[PDB]
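K.L.:
let me give you the complex in parts, starting here:
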Amino acid sequence: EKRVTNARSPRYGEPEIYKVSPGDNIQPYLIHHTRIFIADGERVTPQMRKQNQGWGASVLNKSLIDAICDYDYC
Amino acid sequence: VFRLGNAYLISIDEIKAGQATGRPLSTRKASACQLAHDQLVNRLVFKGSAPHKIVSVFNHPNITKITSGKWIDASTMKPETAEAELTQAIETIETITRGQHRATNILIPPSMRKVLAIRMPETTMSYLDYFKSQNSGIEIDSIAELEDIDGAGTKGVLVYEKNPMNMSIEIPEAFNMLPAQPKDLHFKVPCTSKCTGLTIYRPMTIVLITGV
Amino acid sequence: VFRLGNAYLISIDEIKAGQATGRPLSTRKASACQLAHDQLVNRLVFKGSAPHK
Amino acid sequence: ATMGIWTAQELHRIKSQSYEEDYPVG
Amino acid sequence: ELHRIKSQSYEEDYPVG
């Protein structure tokens, strides 16, 4: 929700508050970052990291997917 | 007391299908039912239903109706007629119950808030401010259901006293979900609730000004 | 050897009304079903059925 | 006689409030 | 693969009453 790029803080450039929308007919709400820990997957190139909103990628890449796929055809 | 209900359908293919963003189709369909139930409750309150012998609040045969000259006549504001008629309605509520009930709430069409914002001539404070100064202790609000009261553009104003012992609405059973009943390749979910409509115990504490 | 069967219906409003007022309806319907089954057994024993031989 | 098993009184509610007419004296 | 989709969707609102 809110991004902080303040000069004095070394915390510049990463978000302050997260908006969570679980659903289940309850209103989405806001959480301070101290209550939040974000778990990432595996590393990707930064040009894709920023394209995926600072988030990782699946362990099931397309090579793994089709390598697994052709097995049942065999 | 009456019972209300509807249902919705959904299929396994649509359930499995995914989208880029947004709430799931199941959640949207489930919210639509609740919205429909709430709108039906409001429509029963403000419009009635002849076959079910439900009487609306504008058609009650024991309330006081006041004919009025039009506040707006071809883009010609009349800010004194409104104040005079509002005072007349308040005094009528005062004198019809012999002092046991005093008016507390006014509901006016949203398009007539411009009449009450006019500055009184040769001064600063407006007609609404003068009315509040002379009648401190009353609440004025706007309701969009009052733009049309009979389907043909007839407007109106409602003046009443809000008190549980005079009138109320009952909702004995809240909106709920029933388990899906599966078919060949799809499902079905029904929804039910209960209501009563509007009941008035003392019809002498409500005044409807029509033709405004 | 042979086989028997019957059934009954009931609704949610009836269930709630019974559990609120004290006397339910499902118990009475089940008792009627059981008594009908037993009476059919007795009638089959003491009278028989020609089409079923 | 083909009535139900519930009488009307068992499904009836009486509101816990009475309304009294007023006669101001003067 | 050069085409993103906006993260926020707009819902047409029906006021209740």
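P.N.:
Perfect, thanks for sending it. Numbering: from 1, shown residues only, chains lettered A, B, ... in the order given.
K.L.:
which parts of chain A sit against chain D?
P.N.:
Applying CB under 8 Å from any CB of the partner chain, one finds that chain A does not approach chain D at all. The way it works is simple: take the backbone N, C-alpha and C, and place the C-beta from them, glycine included.
K.L.:
longest helix of chain A?
P.N.:
The longest helix of chain A (DSSP state H) is helix A:62-73.
K.L.:
neighbouring contacts of that one?
P.N.:
Helix A:62-73 is contacted from outside by no residue at all, using CB atoms under 8 Å, 6 or more residues apart in numbering or on different chains.
K.L.:
please repeat the previous calculation with a cut-off of 10 Å.
P.N.:
Helix A:62-73 is contacted from outside by A:58, A:60, A:61, using CB atoms under 10 Å, 6 or more residues apart in numbering or on different chains.
K.L.:
ok, now stretch B:9-29?
P.N.:
The contact list for stretch B:9-29, computed with CB under 10 Å, 6+ apart, reads A:21, A:23-25, B:8, B:30-31, B:180, B:182-183, B:185-189, E:4-11.
K.L.:
give me the buried subset of those.
P.N.:
Buried subset of those (neighbour count, 16 or more other CB atoms under 10 Å in any protein chain shown): B:8, B:30, B:187, B:189.
K.L.:
list the contacts for the second one?
P.N.:
Applying CB under 10 Å, 6+ apart, we find residue B:30 in contact with A:25, B:8, B:10, B:23, B:24, B:177, B:189, B:191.
K.L.:
with the last one instead?
P.N.:
With contacts defined as CB under 10 Å, 6+ apart, residue B:189 is in contact with B:6-10, B:26, B:29-30, B:33, B:177-181.
K.L.:
how much space separates the residue in chain D that chain A sits nearest to from residue B:1?
P.N.:
Chain A sits closest to residue D:13 of chain D, with a gap of 31.5 Å, by CB to the nearest CB. According to CB to CB, to the nearest Å, residue D:13 and residue B:1 sit 9 Å apart.
K.L.:
further, place chain F onto the existing structure:
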Amino acid sequence: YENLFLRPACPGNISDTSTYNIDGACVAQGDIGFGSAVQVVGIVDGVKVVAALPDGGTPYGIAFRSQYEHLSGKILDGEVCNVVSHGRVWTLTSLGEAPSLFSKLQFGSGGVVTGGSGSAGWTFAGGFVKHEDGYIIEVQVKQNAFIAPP
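P.N.:
One more chain to add, chain F, which I have set with the ones above:
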């Protein structure tokens, strides 16, 4: 929102999972073969007594195949019987070629389909296969289609 098909295609069984109705409280007089039309000759104690279709009768349903009730291969006298009163079912026929789709069927003696030019009744559903140097057709049975003459 679709209706599934049912694969085995033998005479006397149901062909679809559309709306169907099976009247299982019946008994047989004489012998009946799977996939033939039956008629109601009487009612005793809520039970319908059925027999194979004669000349001049009004068909009521079609005998239905079951692998527990009928261990012989056909329905025997004095046996409880399954009868389909509503739905799509495979019937024995003496016809040679398929009739027009959605036409009106006519039943010869013994409960076999021999006509496709009736006035009112059951209708052809579009299935026509071959059984035992004879054919099988697919009929759509409806509940109040044939009315007993006064």
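K.L.:
check the contacts of stretch B:9-29 one more time with chain F there.
P.N.:
A:21, A:23-25, B:8, B:30-31, B:180, B:182-183, B:185-189, E:4-11, F:1-2.
K.L.:
which phi and psi does the residue in chain B positioned nearest to chain C have?
P.N.:
Residue of chain B nearest chain C, by CB to the nearest CB: residue B:3 (7.9 Å). Backbone torsions of residue B:3, given as degrees, to the nearest 10, read phi -120, psi 150.
K.L.:
how many neighbouring residues does it have?
P.N.:
As a burial measure, residue B:3 scores 11 neighbours (other CB atoms under 10 Å in any protein chain shown).
K.L.:
for chain A, what's the nearest residue on chain F?
P.N.:
Nearest residue of chain F to chain A: residue F:7, at 24.1 Å (CB to the nearest CB).
K.L.:
wait, isn't that residue in contact with residue F:17?
P.N.:
No: using CB atoms under 10 Å, residue F:7 is not in contact with residue F:17, being 11.1 Å away.
K.L.:
more neighbours: which of those two?
P.N.:
The neighbour count for residue F:7 versus residue F:17, taken as other CB under 10 Å, is higher for residue F:17 (14 against 6).
K.L.:
residues contacting the nearest residue to the more buried one once chain neighbours are set aside?
P.N.:
Nearest non-adjacent residue to residue F:17, counting by CB to CB, 6 or more residues apart in numbering or on different chains: residue F:4, 5.1 Å away. Counting by CB under 10 Å, 6+ apart, residue F:4 touches B:184, B:185, F:16, F:17, F:18.
K.L.:
doesn't residue F:1 make contact with the first one?
P.N.:
Yes: here residue B:184 lies in contact with residue F:1, judged by CB under 10 Å, at a distance of 8.6 Å.
K.L.:
what does chain A put close to chain B?
P.N.:
A:21, A:23, A:24, A:25 (CB under 10 Å from any CB of the partner chain).
K.L.:
chain G goes on too:
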Amino acid sequence: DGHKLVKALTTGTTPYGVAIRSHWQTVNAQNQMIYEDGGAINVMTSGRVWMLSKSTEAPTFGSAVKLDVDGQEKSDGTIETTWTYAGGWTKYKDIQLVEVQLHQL
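P.N.:
If we add chain G to the chains shown above, we get the following:
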């Protein structure tokens, strides 16, 4: 709104359904269950139902049903329907009932 309006059958009209038993919706009057005016009703359009009769002899299985002008089955009634007799024919204490099968209009 979509609500259908139903009333008792009269002369020269077309039947649509049969009111069925319900221990909650019905009101008890003259030692019978009725549906009071301005209330929801349970109409039945398909299936087998027991109906009051004014005839004196059993009908023929599979034949057509004919009604009276008061919504009761009669052997030689005036209003013609497409419903059928489902076979049943019994009698409660001094009430005559008959099993009639209904299909959609």
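K.L.:
same question on the neighbour count of residue B:3, but with chain G included?
P.N.:
Residues within reach of residue B:3, counting by other CB under 10 Å, total 13.
K.L.:
same deal with residue B:16?
P.N.:
Residue B:16 has 7 neighbouring residues, counting by other CB under 10 Å.
K.L.:
wait, residue A:31 sits on residue A:2?
P.N.:
No: if you go by CB under 10 Å, residue A:31 and residue A:2 don't touch, sitting 11.4 Å apart.
K.L.:
mutual contacts of the two, please.
P.N.:
With CB under 10 Å, 6+ apart as the test, residue A:31 and residue A:2 both reach A:17, A:18, A:19.
K.L.:
three-state assignment of the nearest residue to residue D:5 once chain neighbours are set aside?
P.N.:
Leaving aside its sequence neighbours, residue D:5 sits nearest to residue G:23 (CB to CB, 6+ apart; 6.3 Å). Following DSSP: H, G, I helix; E, B strand; the rest coil, residue G:23 is assigned to coil.
K.L.:
ok and the residue in chain A nearest chain G?
P.N.:
Chain G sits closest to residue A:25 of chain A, with a gap of 27.5 Å, by CB to the nearest CB.
K.L.:
report the closest residue of chain D relative to chain C.
P.N.:
Closest approach between chain D and chain C, counting by CB to the nearest CB: residue D:10, at 4.8 Å.
K.L.:
shouldn't that residue be within a strand?
P.N.:
No: using three-state DSSP, the assignment for residue D:10 is helix, not a strand.
K.L.:
which residues does it contact?
P.N.:
By CB under 10 Å, 6+ apart, the contact set of residue D:10 is C:17, C:20, C:21, C:22, C:23.
K.L.:
so how far is residue F:93 from it?
P.N.:
Remark: distance between residue D:10 and residue F:93 (CB to CB) = 61 Å.
K.L.:
check which helices and strands the top strand by length along chain G sits against.
P.N.:
Ranked by residue count under DSSP state E, the longest strand found in chain G is strand G:79-92. Packed against strand G:79-92, as judged by 3 or more CB pairs under 10 Å, 6 or more residues apart in numbering or on different chains; DSSP states H and E, are the following elements: strand F:37-44, strand F:47-52, strand G:47-52, strand G:64-67, strand G:95-102.
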